Amino acid sequence: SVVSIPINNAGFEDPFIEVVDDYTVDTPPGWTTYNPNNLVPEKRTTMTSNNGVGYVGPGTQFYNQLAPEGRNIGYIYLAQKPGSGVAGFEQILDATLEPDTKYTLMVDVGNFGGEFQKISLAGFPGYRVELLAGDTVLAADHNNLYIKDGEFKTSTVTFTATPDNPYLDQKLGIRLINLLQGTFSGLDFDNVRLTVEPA
Amino acid sequence: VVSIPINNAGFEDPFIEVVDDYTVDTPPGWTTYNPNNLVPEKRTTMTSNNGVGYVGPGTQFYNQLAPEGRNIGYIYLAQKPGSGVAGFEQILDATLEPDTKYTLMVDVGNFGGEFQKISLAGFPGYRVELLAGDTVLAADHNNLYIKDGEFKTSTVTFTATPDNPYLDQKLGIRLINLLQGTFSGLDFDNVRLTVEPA
Ligand SMILES: [Ca+2]
Ligand SMILES: [Ca+2]
Ligand SMILES: [Ca+2]
Ligand SMILES: [Ca+2]
Ligand SMILES: [Ca+2]
Ligand SMILES: [Ca+2]
Ligand SMILES: [Ca+2]
Ligand SMILES: [Ca+2]
Ligand SMILES: [Ca+2]
Ligand SMILES: [Ca+2]
């Protein structure tokens, strides 16, 4: 009867960040970089595709609100042209797919706004949020929410596993994906929640 | 509510006279989406197939009549789960416009009951996609739980900005059988695409 599935660093609050609009340039602790098209290079520079965590606090240049949860958000920036592929965050969980269970995956998705060194961050690359069992995408929200620059909206993915499902007892996973279907390609995620209830 | 025209949007073509009679030919106005070649070039009644079927009084496979009209569209895949996907595709004449909210609605159905000692219980999963060109703008990948013999409505929404790269490409719709379970039979009906300023 445990209603929440544990997720590591689910609000990207690790690491703690003191300075408003300071961001890391390494994969967030507890997550891996999902990189099926090799858009994120092994050797990052100040100009490559990048990901990490950032502190949204009073005075932020990029949003019309604070973080949806805690201090930080997670971000994915892709430098390649629209259509070049996707990249994002992945985390395999310790829980496994169980039958007669409805899963609800909720994630806040954000659109970088404002300007950076007098350069507009307007535009949005699109997102996808996936619930996995093993390597199988059980359910996903592919870019259904329209999110204005500097704002956040909550995505909800749902999946019901029946006793006959082929992927029972495989490890659950979550992917948070930058679709790179537009620029500016900066995308935020926050407050990942996976909850369960009887089907 | 302002509709974008879609050909054979409720799979009512062809007319089918007999209850629970199904065609095994791709419905007029649609094409077979076949990225993993699961639907063979030379079809038999035992291979993967798509087509349309009449749901009327006396149906053995559903707990309701069709969501719309007489007919539903269906996709059946003979391969094992994990083998790939297949479904229906239709490229529209309308092209993607900026500052415009698109709402795609489609009823998705789960074959139920039995056909000659063989159970149709189980569900393969579905995905409903809105396209511009070859680009999937937005999609519902299997979020609805649909019991055997039942239908539910999937809603996909998308808004494009003036800087969208795919403006002026033709809109498209895909209705996909995910083959993530058996029995693999999957139904679609009543495709609606509506448009409004953002
Ligand atoms: Ca947070
Ligand atoms: Ca920094
Ligand atoms: Ca590195
Ligand atoms: Ca933006
Ligand atoms: Ca909001
Ligand atoms: Ca119909
Ligand atoms: Ca027939
Ligand atoms: Ca079924
Ligand atoms: Ca095509
Ligand atoms: Ca229903």
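Residues numbered from 1 in each chain as written, not as in the entry; some residues may be left out. Chains lettered and ligands numbered in written order. Heavy atoms only, no water. Residues with missing side-chain atoms left out of burial classes, pairs and counts.

- For this coordinate set, the PDB header names X-ray crystallography as the determination method and states a resolution of 1.7000 Å.

Description of the coordination of the calcium ion (ligand 6)
Residues and elements named next belong to chain B.
- Taken together, the protein donors to the calcium ion (ligand 6) comprise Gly10 (O), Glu12 (OE), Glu68 (O), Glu68 (OE), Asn71 (O), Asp189 (OD) and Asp189 (OD), at separations of 2.3 to 2.9 Å.
- Donor residues for the calcium ion (ligand 6), ordered by position in the chain, follow G-x1-E-x55-E-x2-N-x117-D. Separated by 58 residues along the polypeptide, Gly10 in the loop between β1 (2-3) and β2 (31-33) and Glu68 in the loop between β3 (49-54) and β4 (71-76) bring together distant segments of the chain.
- On the basis of relative accessible area, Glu68 is assigned to the partly exposed category, the value being 27%. (Donors = N, O, S within 2.8 Å, 3.2 Å for Na, K, Ca; no water. Helix = DSSP H or I, 4+ residues; strand = E, 2+ residues; numbered from the N terminus. Buried < 20%, exposed > 50% of the residue type's maximum accessible area, 1.4 Å probe, protein only.)

A look at the coordination of the calcium ion (ligand 8)
All names here are of chain B.
- Around the calcium ion (ligand 8), the protein contributes the donor atoms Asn110 (OD1), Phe111 (O), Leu120 (O), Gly122 (O) and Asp148 (OD), at 2.2 to 2.4 Å from the metal centre.
- Counting the intervening residues between successive donors of the calcium ion (ligand 8) yields the motif N-F-x8-L-x1-G-x25-D. Taken together, the positions of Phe111 in the loop between β6 (100-110) and β7 (114-115) and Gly122 in the loop between β8 (118-119) and β9 (126-132) put the pair 11 residues apart, joining distant regions of the chain.

Some details on the side chain of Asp189(B)
Residue and element names in this part refer to chain B.
- Turning to its location among the elements, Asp189 is positioned in strand β13 (residues 186-197).
- No salt bridge forms around the buried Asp189; measuring N to O, its nearest opposite-charge neighbour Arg192 is 7.9 Å away.
- There is a polar contact of 3.0 Å between the side chain of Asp189 and the backbone nitrogen of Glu68.
- Ignoring any residue separated from it by four or fewer positions in sequence, one finds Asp189 in contact with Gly10, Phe11, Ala66, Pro67, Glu68, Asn71, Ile72, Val106 and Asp107. (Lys, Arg positive; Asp, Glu negative; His and termini not counted. Salt bridge = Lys/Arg side-chain N within 4 Å of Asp/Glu carboxyl O. Polar contact = N/O pair within 3.5 Å; in protein donor to acceptor, adjacent residues only side chain to side chain. Contact = heavy atoms within 4.5 Å.)

Description of the UniProt feature "binding site: Ca(2+) 6" (unreviewed entry) in chain B
All names here are of chain B.
- The feature "binding site: Ca(2+) 6" (unreviewed entry), as given by UniProt, occupies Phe151 in the numbering adopted here.
- Assignment of secondary structure puts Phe151 in strand β11 (residues 151-160).
- Among residues more than four places away in sequence, those in contact with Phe151 are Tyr62, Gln64, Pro67, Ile72, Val108, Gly109, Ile146 and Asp187. (UniProt positions renumbered as here; feature names shortened; annotations may be inferred.)

Observations concerning the UniProt feature "binding site: Ca(2+) 3" (unreviewed entry) in chain A
- Per the UniProt record, the feature "binding site: Ca(2+) 3" (unreviewed entry) sits at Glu42(A).
- By secondary structure assignment, the location of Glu42(A) is in the loop between β1 (32-34) and β2 (50-55).

Some details on unusual backbone geometry
- Note the cis peptide between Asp14(A) and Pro15(A), where omega equals 5 degrees.
- Relative to the helices and strands, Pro15(A) resides in the segment before β1.
- Within the chain, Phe11(B) stands out as a residue other than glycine whose phi angle is a positive 55 degrees.
- Note that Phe11(B) resides in the loop between β1 and β2.
- Backbone geometry places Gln116(B), a non-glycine residue, at a positive phi of 55 degrees.
- Relative to the helices and strands, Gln116(B) is located in the loop between β7 and β8.

Structural notes on the packing of aromatic side chains
- Under the counting rule described, the total for this entry stands at 27 aromatic pairs over all chains.
- Their ring planes at 40 degrees and their centres at 5.5 Å tell us that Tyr62(B) and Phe111(B) sit as a pair that is tilted. Residue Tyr62(B) is found in the loop between β3 and β4, and its partner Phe111(B) is found in the loop between β6 and β7; the two are separated by 49 residues along the sequence.
- Three or more aromatic residues joined by ring pairs make a cluster, and in this case those are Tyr23(A), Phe62(A), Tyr63(A), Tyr75(A), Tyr77(A), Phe112(A), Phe116(A), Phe152(A) and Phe184(A).
- Over the face of the ring belonging to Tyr55(A) we find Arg71(A), whose NZ or CZ atom lies 3.9 Å from the ring centre.
- Positioned over the ring face of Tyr54(B) is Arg70(B), at 3.8 Å from the centre of the ring. (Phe/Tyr/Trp six-rings, centres within 6.5 Å; stacked < 30°, edge-to-face > 60°. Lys NZ or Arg CZ within 6 Å of the ring centre and 35° of its normal.)

Points about the pattern of salt bridges
- Scanning the model with the defined rule gives eight salt bridges over all chains in all.
- Between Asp108(A) and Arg193(A) there is a salt bridge; the shortest N-O distance is 3.2 Å. A residue pair is termed long-range when its members are at least 10 positions apart, and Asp108(A) in strand β5 (residues 101-111) and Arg193(A) in strand β12 (residues 187-198) qualify at 85 residues.
- A relative accessible area of 25% means that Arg193(A) is categorised as partly exposed.
- Among the salt bridges present, the one from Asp107(B) reaches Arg192(B), with a minimum N-O distance of 3.3 Å. Taken together, the residues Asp107(B) in strand β6 and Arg192(B) in strand β13 connect sequence positions 85 residues apart.

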